Structure formats: C-alpha cells, structure tokens
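Structure first, then comments.
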Amino acid sequence: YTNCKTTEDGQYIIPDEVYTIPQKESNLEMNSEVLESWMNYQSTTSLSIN
Amino acid sequence: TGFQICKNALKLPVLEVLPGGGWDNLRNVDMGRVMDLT
C-alpha cells in the first residue's frame, strides 16, 4: 500500500498491485405463490311418519 | 500516476469508467490498461 491507491469512486483503498473494474450490478427476483382451497359440504335429511 | 493529489485539491470523484484498457473479446471482459493514464 505504498501508493495509497484508491478505487476511482473513492469508496475503498486497494493495494498497488490490483485494479478494479466497476460493475455495479444488482439482481432481484421475488416469487410469491398463494394457493387457497375451500370446500364446504352441508347435508340435512328429515323423515316424518305419522 | 495517482489521482489523489487532484482529489485533495478539487474534492471530486474520479470518473470510474475509462477507456484505454484491454478487452478480451472472446470472454467479453476488461483486462489491464494499455494506454497510460496520468
């Protein structure tokens, strides 16, 4: 670190023997999946004998 | 060949995207600079 070399954006100090290509890339992927099932069964039998 | 003097004087960021570097066309990637940047 003799030369106190810095990345051009001024963010980080780097050793004299390396160089940085700035590729400031971000990837986002959000996947949401909702499954809802509802089954309602209702029965009613009624028998009357007189 | 460092820009730290100018940063000390001007207090500005350096344009980080610069020509003069080598370009591997097969792999499409940057490699060490060819032209001199002072």
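Ordering of the structure tokens sets the chain letters (A, B, ...); residue numbers start at 1 within each chain; ligands are numbered from 1 in the order shown.
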
Point to revise | Contact residues (chain B, partner chain A, 6 Å, only C-alpha atoms) as a list in words | key: residues 13, 14 and 16 of chain B

Same residues, N, CA and C atoms, saved as a compact mmCIF listing (two decimals), in the first residue's frame:
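Result file selection-v2.txt:
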```
# COMPACT_ATOMS: atom_id res chain seq x y z
N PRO B 13 -15.04 13.22 -7.19
CA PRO B 13 -14.81 11.82 -7.54
C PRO B 13 -14.16 11.72 -8.91
N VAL B 14 -13.51 10.62 -9.13
CA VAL B 14 -12.91 10.34 -10.43
C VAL B 14 -13.92 9.59 -11.28
N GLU B 16 -15.15 6.83 -13.00
CA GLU B 16 -14.66 5.47 -12.80
C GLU B 16 -14.66 4.65 -14.07
```

Point to revise | 9 Å contact set for residue 38 (chain B), only C-alpha atoms, chain neighbours under 4 positions out, as a list in words | key: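 Listed by chain and then number, they are residues 1, 2 and 3 of chain B.
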
Check your understanding: Looking only at the backbone, which of the residues in chain B does DSSP tag as strand (DSSP E or B), as an MDAnalysis selection string?
Key -> chainID B and resid 21:24 29:33
